[PDB]
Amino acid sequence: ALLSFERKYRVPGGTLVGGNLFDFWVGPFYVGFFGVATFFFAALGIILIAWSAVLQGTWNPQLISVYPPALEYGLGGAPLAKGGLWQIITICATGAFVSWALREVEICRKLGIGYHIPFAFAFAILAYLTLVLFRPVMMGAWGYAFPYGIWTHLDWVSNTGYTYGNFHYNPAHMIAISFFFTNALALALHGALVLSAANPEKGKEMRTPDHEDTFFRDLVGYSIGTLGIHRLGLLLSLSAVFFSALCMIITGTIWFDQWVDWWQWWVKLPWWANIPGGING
């Protein structure tokens, strides 16, 4: 089925591969070459996970967990039951994520819109790849990656973090968190402002963008504007993910000790390092 204004858009063209071979829909979903590639990768991956469940002896979603090769295997391959299955599944996940993005690009071309979305999504993929590929490799072993399990991956987060004391002290981690918080703050602000203008007090006429600029100008003395707010939302989100990847990529590669100790560089600055008094005096 189509939306009442859809027909005119379901036109041929836009694909990056296969000409018109896969240029069609199924219900509301567009397919395309990368539509079938995604399906392939996702299916194989899910299948390999179900097989790993069997070798584990469970069907419980809360218990199923696929672990990567133990540190002993370095960056080499491993037995399908001891890290190898995770390795294949990781290839399928990557293949499925990238294909999903490329499918989004074909959809952009067919509709004549910008490519911002798949571009944004790439940031997510690059964050995944940092934890499962770039950091493990730089560190020298696939064992450093996280396991695929609903609760087991949280254990990995906990153990990984505490290996460096309280991870809060990771400077890049602090910046990333600020971006996540500010993003949620901005998202709430944008949603409320548009809605407050489109849904004024009962019985009144729809407010205008002018009312939106005025409301915030009155409130904090500044209005970013209807174009800027969207620009900001995209920037904060990507910056949050960008710094997430950065705070991890550097941990265990150029920083090894307790993160809290890193801040000594500031306290040990020559001009005040030895002055008595205070917390560090």
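In this text, residue numbers run from 1 along the sequence as written.
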| property | result |
| --- | --- |
| Between 252-260 and 217-225 (mean CA B-factor, as deposited), the higher | 252-260 |
| Segment of higher mean CA temperature factor, 153-161 or 80-88 | 80-88 |
| Residue with maximal Cα B-factor (values as given in the PDB entry) among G112, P118, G191, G140 | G140 |
| Record-listed C-alpha B factor of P61: chain third | highest |
| Where the record places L71 (Cα B-factor, split into thirds across the chain) | highest |
| Chain third (lowest, middle, highest) by recorded CA B-factor, residue given as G32 | middle |
